[PDB]
Amino acid sequence: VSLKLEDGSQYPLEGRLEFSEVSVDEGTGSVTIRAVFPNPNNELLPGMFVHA
Amino acid sequence: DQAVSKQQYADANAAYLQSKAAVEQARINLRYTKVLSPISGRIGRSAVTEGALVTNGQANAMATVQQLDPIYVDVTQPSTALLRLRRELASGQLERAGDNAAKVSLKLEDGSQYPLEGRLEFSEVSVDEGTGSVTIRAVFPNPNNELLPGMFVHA
Amino acid sequence: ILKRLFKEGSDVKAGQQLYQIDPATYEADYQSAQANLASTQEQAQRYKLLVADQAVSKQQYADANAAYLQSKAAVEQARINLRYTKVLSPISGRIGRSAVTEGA
C-alpha cells in the first residue's frame, strides 16, 4: 500500500497490508482494512483523512 | 525490666499503630467534609446552596475556583495549512530562524491589540476528526485581569 | 490532583511520574499494613530461630509463617494503591494536553 497524503500529494514510503476484517458494517455495508506505515519523522500524524 | 514479653510488646505496638491509622483515616474523612479549597484563585458562584444534599463524587460541580494570572490560549490551525507549511519549510524556499519563532502577540475580538506578548507552547500531535485541526496552546500574562478565560481571540 | 509533574508536548518514558493524586487514605492503609508486618515479621523470625532446636512446635511455625506471608501480601497489595496514586505513563511516546489541571 502507498497512501496519498491529505492535500493530494504522494507519500514517499510504502507500507504493509494486513487484517482483512471479516465483519461487514450494518448500514454502510463496507468492510474495514488496516494498513500500516512507518515514518522516521512526524510526517503523517493520526487522525487526518487519507486515501490509500 | 522484662515483666511482659517482647512479642507481647510488638503486637501491642502493632495494634497501637493500626489504631493511629484508623484515627488518621477518620480525621481525613472528617476533613473531606468541611471542604477545603484545593487551590488559590477567584471563586465563582455556588452551584448548590444551603440545604442541597451532596454525595461522594457527584456529577455536577459546586464552585469553579479559577486562577488566571497566567492564561492558556488554545489556538486551532487546520491540518492542510500546517502540512503545506511543513512542506515549504522542509523545502529551501523558506526558513524559520531567530528568536521570533515563539512570540504570538494575540489580538482580541474587536480588533484591539493586546499590549503584552506571550510564548508559544507545544503543538498537539493529533488532529480532531470533527474539525481537522491541531491545537497550539500558548501562555500569556495578564497583571490586572485584562482578559477572561473563555473569550474568542486571534493569535 | 496535587501536582502535575511533567511538561506537555515532550515525550514520556515508560513508568514516568505524571500526576500526584492526594494520598490521604492511601498512605494510612500502608502504615497500618507495615505496622502489622513489623510485628508478624518478628514473630516469624523468632519462631524460625526457635524451631532449629524444637522449642515451639513445627505447626506453630507454619501458622506464624502463614501469618507472615499473608501480612506481606497485604503490605504489597496496600503499596499497589500507593503506586496507583503516582499515576504512571503506561506507554512511552508523545503526550497531549492536560485536560484535567491540578486541584480537580
# chains A, B, ... in the order shown; residues from 1 in each chain; ligands from 1

$ residues_around --residues "segment 21-35 of chain C" --least-positions-apart "3" --cutoff "9 Å" --atoms "only C-alpha atoms" --output "PDB file with N, CA and C atoms, in the first residue's frame"
ATOM      1  N   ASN B  13       2.233  -2.796  70.055  1.00  0.00           N
ATOM      2  CA  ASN B  13       2.680  -1.658  69.256  1.00  0.00           C
ATOM      3  C   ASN B  13       2.043  -1.682  67.870  1.00  0.00           C
ATOM      4  N   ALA B  14       1.867  -2.881  67.303  1.00  0.00           N
ATOM      5  CA  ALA B  14       1.175  -3.016  66.024  1.00  0.00           C
ATOM      6  C   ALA B  14      -0.285  -2.593  66.128  1.00  0.00           C
ATOM      7  N   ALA B  15      -0.959  -2.972  67.219  1.00  0.00           N
ATOM      8  CA  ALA B  15      -2.346  -2.555  67.416  1.00  0.00           C
ATOM      9  C   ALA B  15      -2.451  -1.048  67.638  1.00  0.00           C
ATOM     10  N   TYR B  16      -1.475  -0.464  68.343  1.00  0.00           N
ATOM     11  CA  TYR B  16      -1.435   0.986  68.541  1.00  0.00           C
ATOM     12  C   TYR B  16      -1.256   1.737  67.231  1.00  0.00           C
ATOM     13  N   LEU B  17      -0.364   1.260  66.367  1.00  0.00           N
ATOM     14  CA  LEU B  17      -0.153   1.964  65.108  1.00  0.00           C
ATOM     15  C   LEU B  17      -1.298   1.732  64.126  1.00  0.00           C
ATOM     16  N   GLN B  18      -1.950   0.562  64.175  1.00  0.00           N
ATOM     17  CA  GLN B  18      -3.169   0.366  63.389  1.00  0.00           C
ATOM     18  C   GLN B  18      -4.289   1.289  63.854  1.00  0.00           C
ATOM     19  N   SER B  19      -4.383   1.526  65.162  1.00  0.00           N
ATOM     20  CA  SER B  19      -5.427   2.421  65.640  1.00  0.00           C
ATOM     21  C   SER B  19      -5.101   3.879  65.333  1.00  0.00           C
ATOM     22  N   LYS B  20      -3.811   4.242  65.299  1.00  0.00           N
ATOM     23  CA  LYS B  20      -3.431   5.557  64.783  1.00  0.00           C
ATOM     24  C   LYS B  20      -3.790   5.705  63.311  1.00  0.00           C
ATOM     25  N   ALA B  21      -3.649   4.629  62.533  1.00  0.00           N
ATOM     26  CA  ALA B  21      -4.061   4.674  61.133  1.00  0.00           C
ATOM     27  C   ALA B  21      -5.571   4.842  61.000  1.00  0.00           C
ATOM     28  N   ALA B  22      -6.340   4.206  61.887  1.00  0.00           N
ATOM     29  CA  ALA B  22      -7.794   4.361  61.853  1.00  0.00           C
ATOM     30  C   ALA B  22      -8.218   5.771  62.259  1.00  0.00           C
ATOM     31  N   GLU B  24      -6.326   8.409  61.766  1.00  0.00           N
ATOM     32  CA  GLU B  24      -5.907   9.265  60.659  1.00  0.00           C
ATOM     33  C   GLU B  24      -6.882   9.181  59.489  1.00  0.00           C
ATOM     34  N   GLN B  25      -7.411   7.986  59.211  1.00  0.00           N
ATOM     35  CA  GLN B  25      -8.423   7.857  58.164  1.00  0.00           C
ATOM     36  C   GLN B  25      -9.735   8.509  58.575  1.00  0.00           C
ATOM     37  N   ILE B  28      -9.134  12.341  58.221  1.00  0.00           N
ATOM     38  CA  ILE B  28      -9.165  12.830  56.843  1.00  0.00           C
ATOM     39  C   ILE B  28     -10.550  12.648  56.235  1.00  0.00           C
ATOM     40  N   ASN B  29     -11.342  11.695  56.727  1.00  0.00           N
ATOM     41  CA  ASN B  29     -12.736  11.618  56.310  1.00  0.00           C
ATOM     42  C   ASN B  29     -13.540  12.776  56.892  1.00  0.00           C
TER      43      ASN B  29
ATOM     44  N   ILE C   1      -6.088  15.889  42.658  1.00  0.00           N
ATOM     45  CA  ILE C   1      -4.810  16.115  41.987  1.00  0.00           C
ATOM     46  C   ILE C   1      -4.041  17.183  42.755  1.00  0.00           C
ATOM     47  N   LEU C   2      -2.817  16.861  43.171  1.00  0.00           N
ATOM     48  CA  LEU C   2      -1.957  17.835  43.839  1.00  0.00           C
ATOM     49  C   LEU C   2      -0.995  18.511  42.871  1.00  0.00           C
ATOM     50  N   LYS C   3      -0.144  17.735  42.202  1.00  0.00           N
ATOM     51  CA  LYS C   3       0.888  18.282  41.335  1.00  0.00           C
ATOM     52  C   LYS C   3       0.873  17.589  39.983  1.00  0.00           C
ATOM     53  N   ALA C  38       5.446  -5.315  60.836  1.00  0.00           N
ATOM     54  CA  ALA C  38       6.561  -5.122  61.762  1.00  0.00           C
ATOM     55  C   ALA C  38       6.437  -5.956  63.032  1.00  0.00           C
ATOM     56  N   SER C  39       5.257  -6.497  63.328  1.00  0.00           N
ATOM     57  CA  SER C  39       5.086  -7.451  64.416  1.00  0.00           C
ATOM     58  C   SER C  39       5.076  -8.893  63.937  1.00  0.00           C
ATOM     59  N   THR C  40       4.389  -9.169  62.823  1.00  0.00           N
ATOM     60  CA  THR C  40       4.294 -10.546  62.357  1.00  0.00           C
ATOM     61  C   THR C  40       5.629 -11.040  61.804  1.00  0.00           C
ATOM     62  N   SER C  71       0.553 -11.204  55.805  1.00  0.00           N
ATOM     63  CA  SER C  71       0.801  -9.797  56.098  1.00  0.00           C
ATOM     64  C   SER C  71       1.692  -9.150  55.045  1.00  0.00           C
ATOM     65  N   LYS C  72       2.650  -9.897  54.486  1.00  0.00           N
ATOM     66  CA  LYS C  72       3.471  -9.358  53.404  1.00  0.00           C
ATOM     67  C   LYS C  72       2.650  -9.147  52.136  1.00  0.00           C
ATOM     68  N   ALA C  74      -0.517  -8.442  52.191  1.00  0.00           N
ATOM     69  CA  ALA C  74      -1.328  -7.265  52.492  1.00  0.00           C
ATOM     70  C   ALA C  74      -0.531  -5.975  52.323  1.00  0.00           C
ATOM     71  N   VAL C  75       0.747  -5.980  52.722  1.00  0.00           N
ATOM     72  CA  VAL C  75       1.620  -4.821  52.513  1.00  0.00           C
ATOM     73  C   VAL C  75       1.815  -4.552  51.026  1.00  0.00           C
ATOM     74  N   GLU C  76       1.995  -5.612  50.235  1.00  0.00           N
ATOM     75  CA  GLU C  76       2.216  -5.418  48.806  1.00  0.00           C
ATOM     76  C   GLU C  76       0.938  -4.956  48.114  1.00  0.00           C
ATOM     77  N   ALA C  78      -1.309  -3.177  49.562  1.00  0.00           N
ATOM     78  CA  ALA C  78      -1.528  -1.813  50.023  1.00  0.00           C
ATOM     79  C   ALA C  78      -0.505  -0.820  49.491  1.00  0.00           C
ATOM     80  N   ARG C  79       0.637  -1.283  48.980  1.00  0.00           N
ATOM     81  CA  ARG C  79       1.542  -0.390  48.267  1.00  0.00           C
ATOM     82  C   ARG C  79       1.273  -0.366  46.768  1.00  0.00           C
ATOM     83  N   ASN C  81      -1.734   0.292  45.724  1.00  0.00           N
ATOM     84  CA  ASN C  81      -2.554   1.502  45.667  1.00  0.00           C
ATOM     85  C   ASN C  81      -1.709   2.763  45.836  1.00  0.00           C
ATOM     86  N   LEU C  82      -0.649   2.691  46.646  1.00  0.00           N
ATOM     87  CA  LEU C  82       0.239   3.839  46.807  1.00  0.00           C
ATOM     88  C   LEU C  82       1.042   4.103  45.539  1.00  0.00           C
ATOM     89  N   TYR C  84      -0.430   3.352  42.622  1.00  0.00           N
ATOM     90  CA  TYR C  84      -1.506   3.828  41.757  1.00  0.00           C
ATOM     91  C   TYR C  84      -1.786   5.311  41.953  1.00  0.00           C
ATOM     92  N   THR C  85      -1.539   5.853  43.145  1.00  0.00           N
ATOM     93  CA  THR C  85      -1.675   7.303  43.304  1.00  0.00           C
ATOM     94  C   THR C  85      -0.367   8.048  43.046  1.00  0.00           C
ATOM     95  N   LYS C  86       0.327   7.664  41.978  1.00  0.00           N
ATOM     96  CA  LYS C  86       1.535   8.308  41.474  1.00  0.00           C
ATOM     97  C   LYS C  86       1.551   8.256  39.959  1.00  0.00           C
ATOM     98  N   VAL C  87       0.368   8.410  39.338  1.00  0.00           N
ATOM     99  CA  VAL C  87      -0.067   7.782  38.083  1.00  0.00           C
ATOM    100  C   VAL C  87       0.975   7.796  36.973  1.00  0.00           C
TER     101      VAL C  87
END

$ interface_residues --of "chain B" --to "chain A" --cutoff "8 Å" --atoms "only C-alpha atoms" --output "PyMOL selection string"
chain B and resi 79-80+83-84+125-129+132

$ interface_residues --of "chain B" --to "chain C" --cutoff "12 Å" --atoms "only C-alpha atoms" --output "JSON, numbers by chain"
{"B": [5, 6, 7, 8, 9, 10, 11, 12, 13, 14, 15, 16, 17, 18, 19, 20, 21, 22, 23, 24, 25, 26, 27, 28, 29, 30, 31, 32, 36, 37, 38, 39, 40, 41, 57, 61, 62, 63, 64, 65, 66, 67, 72, 74, 120, 121, 122, 123, 124, 125, 126, 127, 134, 135, 136, 137, 138]}

$ select_by_dssp --residues "chain C" --states "helix (DSSP H, G or I)" --output "JSON, numbers by chain"
{"C": [28, 29, 30, 31, 32, 33, 34, 35, 36, 37, 38, 39, 40, 41, 42, 43, 44, 45, 46, 47, 48, 49, 50, 51, 60, 61, 62, 63, 64, 65, 66, 67, 68, 69, 70, 71, 72, 73, 74, 75, 76, 77, 78, 79, 80, 81, 82, 83, 84]}

$ write_last_selection --atoms "C-alpha atoms" --output "tab-separated table (two decimals), in the first residue's frame"
chain	number	residue	atom	x	y	z
C	28	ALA	CA	-2.64	5.43	56.19
C	29	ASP	CA	-3.52	1.97	54.86
C	30	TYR	CA	0.17	1.47	54.07
C	31	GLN	CA	1.21	2.47	57.60
C	32	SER	CA	-1.35	0.04	59.06
C	33	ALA	CA	-0.14	-2.79	56.82
C	34	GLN	CA	3.52	-2.01	57.59
C	35	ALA	CA	2.63	-1.88	61.30
C	36	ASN	CA	1.09	-5.36	61.17
C	37	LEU	CA	4.12	-6.56	59.19
C	38	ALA	CA	6.56	-5.12	61.76
C	39	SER	CA	5.09	-7.45	64.42
C	40	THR	CA	4.29	-10.55	62.36
C	41	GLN	CA	7.80	-10.49	60.83
C	42	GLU	CA	9.35	-10.54	64.30
C	43	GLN	CA	7.03	-13.40	65.29
C	44	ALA	CA	8.04	-15.42	62.22
C	45	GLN	CA	11.77	-14.75	62.69
C	46	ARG	CA	11.63	-15.70	66.38
C	47	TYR	CA	9.78	-18.95	65.67
C	48	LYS	CA	12.25	-19.71	62.86
C	49	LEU	CA	15.05	-19.22	65.38
C	50	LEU	CA	13.26	-21.50	67.90
C	51	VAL	CA	12.29	-24.42	65.62
C	60	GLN	CA	3.03	-23.18	65.21
C	61	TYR	CA	5.91	-22.19	62.93
C	62	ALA	CA	3.70	-22.99	59.93
C	63	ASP	CA	0.95	-20.80	61.41
C	64	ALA	CA	3.41	-17.95	62.02
C	65	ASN	CA	4.89	-18.25	58.52
C	66	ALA	CA	1.38	-18.20	57.05
C	67	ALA	CA	0.55	-15.08	59.06
C	68	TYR	CA	3.83	-13.52	57.89
C	69	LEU	CA	3.20	-14.23	54.22
C	70	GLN	CA	-0.42	-13.02	54.48
C	71	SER	CA	0.80	-9.80	56.10
C	72	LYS	CA	3.47	-9.36	53.40
C	73	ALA	CA	0.82	-9.86	50.71
C	74	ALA	CA	-1.33	-7.27	52.49
C	75	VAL	CA	1.62	-4.82	52.51
C	76	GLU	CA	2.22	-5.42	48.81
C	77	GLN	CA	-1.49	-5.04	47.97
C	78	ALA	CA	-1.53	-1.81	50.02
C	79	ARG	CA	1.54	-0.39	48.27
C	80	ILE	CA	-0.01	-1.23	44.88
C	81	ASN	CA	-2.55	1.50	45.67
C	82	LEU	CA	0.24	3.84	46.81
C	83	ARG	CA	1.88	3.24	43.42
C	84	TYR	CA	-1.51	3.83	41.76

$ select_by_dssp --residues "chain B" --states "strand (DSSP E)" --output "list in words"
residues 42, 43, 65, 66, 70, 71, 72, 76, 77, 78, 119, 120, 121, 122, 123, 133, 134, 135, 136, 137, 138, 139, 140 and 141 of chain B

$ write_last_selection --atoms "N, CA and C atoms" --output "PDB file, in the first residue's frame"
ATOM      1  N   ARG B  42      -9.758  33.027  42.039  1.00  0.00           N
ATOM      2  CA  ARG B  42     -11.085  33.629  42.057  1.00  0.00           C
ATOM      3  C   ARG B  42     -12.157  32.548  42.007  1.00  0.00           C
ATOM      4  N   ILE B  43     -13.090  32.590  42.950  1.00  0.00           N
ATOM      5  CA  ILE B  43     -14.165  31.608  43.015  1.00  0.00           C
ATOM      6  C   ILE B  43     -15.386  32.189  42.314  1.00  0.00           C
ATOM      7  N   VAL B  65     -13.291  27.247  41.090  1.00  0.00           N
ATOM      8  CA  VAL B  65     -12.259  28.108  41.657  1.00  0.00           C
ATOM      9  C   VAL B  65     -11.160  28.250  40.610  1.00  0.00           C
ATOM     10  N   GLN B  66     -11.218  29.326  39.835  1.00  0.00           N
ATOM     11  CA  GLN B  66     -10.247  29.590  38.786  1.00  0.00           C
ATOM     12  C   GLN B  66      -9.192  30.574  39.272  1.00  0.00           C
ATOM     13  N   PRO B  70      -1.524  33.863  34.987  1.00  0.00           N
ATOM     14  CA  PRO B  70      -1.237  33.493  33.593  1.00  0.00           C
ATOM     15  C   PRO B  70      -2.471  32.865  32.967  1.00  0.00           C
ATOM     16  N   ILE B  71      -2.527  32.732  31.642  1.00  0.00           N
ATOM     17  CA  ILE B  71      -3.638  32.057  30.984  1.00  0.00           C
ATOM     18  C   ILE B  71      -3.093  31.110  29.926  1.00  0.00           C
ATOM     19  N   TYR B  72      -3.928  30.150  29.548  1.00  0.00           N
ATOM     20  CA  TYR B  72      -3.706  29.319  28.377  1.00  0.00           C
ATOM     21  C   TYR B  72      -4.649  29.765  27.271  1.00  0.00           C
ATOM     22  N   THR B  76      -6.416  27.007  17.326  1.00  0.00           N
ATOM     23  CA  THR B  76      -6.579  25.981  16.312  1.00  0.00           C
ATOM     24  C   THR B  76      -5.873  26.377  15.020  1.00  0.00           C
ATOM     25  N   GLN B  77      -5.524  25.364  14.235  1.00  0.00           N
ATOM     26  CA  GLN B  77      -4.934  25.525  12.913  1.00  0.00           C
ATOM     27  C   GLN B  77      -5.259  24.290  12.086  1.00  0.00           C
ATOM     28  N   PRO B  78      -5.819  24.448  10.887  1.00  0.00           N
ATOM     29  CA  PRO B  78      -6.204  23.279  10.090  1.00  0.00           C
ATOM     30  C   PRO B  78      -4.995  22.512   9.583  1.00  0.00           C
ATOM     31  N   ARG B 119       4.348  33.463  24.903  1.00  0.00           N
ATOM     32  CA  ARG B 119       5.296  32.446  24.480  1.00  0.00           C
ATOM     33  C   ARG B 119       4.522  31.248  23.958  1.00  0.00           C
ATOM     34  N   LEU B 120       4.985  30.687  22.846  1.00  0.00           N
ATOM     35  CA  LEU B 120       4.268  29.617  22.167  1.00  0.00           C
ATOM     36  C   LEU B 120       4.718  28.269  22.719  1.00  0.00           C
ATOM     37  N   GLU B 121       3.770  27.525  23.284  1.00  0.00           N
ATOM     38  CA  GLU B 121       3.993  26.201  23.854  1.00  0.00           C
ATOM     39  C   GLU B 121       4.031  25.124  22.781  1.00  0.00           C
ATOM     40  N   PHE B 122       3.867  23.874  23.208  1.00  0.00           N
ATOM     41  CA  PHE B 122       3.818  22.716  22.327  1.00  0.00           C
ATOM     42  C   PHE B 122       2.689  22.823  21.301  1.00  0.00           C
ATOM     43  N   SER B 123       2.819  22.034  20.242  1.00  0.00           N
ATOM     44  CA  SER B 123       1.730  21.773  19.314  1.00  0.00           C
ATOM     45  C   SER B 123       1.178  20.381  19.580  1.00  0.00           C
ATOM     46  N   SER B 133      -8.191  19.865  12.772  1.00  0.00           N
ATOM     47  CA  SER B 133      -7.357  20.958  13.255  1.00  0.00           C
ATOM     48  C   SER B 133      -6.529  20.518  14.453  1.00  0.00           C
ATOM     49  N   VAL B 134      -5.247  20.889  14.454  1.00  0.00           N
ATOM     50  CA  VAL B 134      -4.424  20.759  15.650  1.00  0.00           C
ATOM     51  C   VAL B 134      -4.713  21.920  16.595  1.00  0.00           C
ATOM     52  N   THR B 135      -4.280  21.775  17.844  1.00  0.00           N
ATOM     53  CA  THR B 135      -4.352  22.847  18.828  1.00  0.00           C
ATOM     54  C   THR B 135      -2.944  23.217  19.271  1.00  0.00           C
ATOM     55  N   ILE B 136      -2.667  24.515  19.330  1.00  0.00           N
ATOM     56  CA  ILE B 136      -1.344  25.036  19.667  1.00  0.00           C
ATOM     57  C   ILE B 136      -1.555  26.009  20.819  1.00  0.00           C
ATOM     58  N   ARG B 137      -1.379  25.548  22.054  1.00  0.00           N
ATOM     59  CA  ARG B 137      -1.659  26.474  23.139  1.00  0.00           C
ATOM     60  C   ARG B 137      -0.476  27.407  23.372  1.00  0.00           C
ATOM     61  N   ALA B 138      -0.740  28.482  24.109  1.00  0.00           N
ATOM     62  CA  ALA B 138       0.268  29.479  24.425  1.00  0.00           C
ATOM     63  C   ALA B 138       0.039  29.977  25.845  1.00  0.00           C
ATOM     64  N   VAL B 139       0.999  30.745  26.353  1.00  0.00           N
ATOM     65  CA  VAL B 139       0.954  31.277  27.710  1.00  0.00           C
ATOM     66  C   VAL B 139       1.046  32.793  27.630  1.00  0.00           C
ATOM     67  N   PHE B 140       0.092  33.482  28.255  1.00  0.00           N
ATOM     68  CA  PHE B 140       0.056  34.936  28.266  1.00  0.00           C
ATOM     69  C   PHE B 140      -0.109  35.438  29.695  1.00  0.00           C
ATOM     70  N   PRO B 141       0.689  36.413  30.130  1.00  0.00           N
ATOM     71  CA  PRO B 141       0.435  37.047  31.426  1.00  0.00           C
ATOM     72  C   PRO B 141      -0.493  38.247  31.316  1.00  0.00           C
TER      73      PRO B 141
END

$ atom_distance --atom1 "atom CA of residue 98 of chain C" --atom2 "atom CA of residue 20 of chain C"
13.3 Å

$ atom_distance --atom1 "atom CA of residue 4 of chain A" --atom2 "atom CA of residue 27 of chain A"
26.8 Å
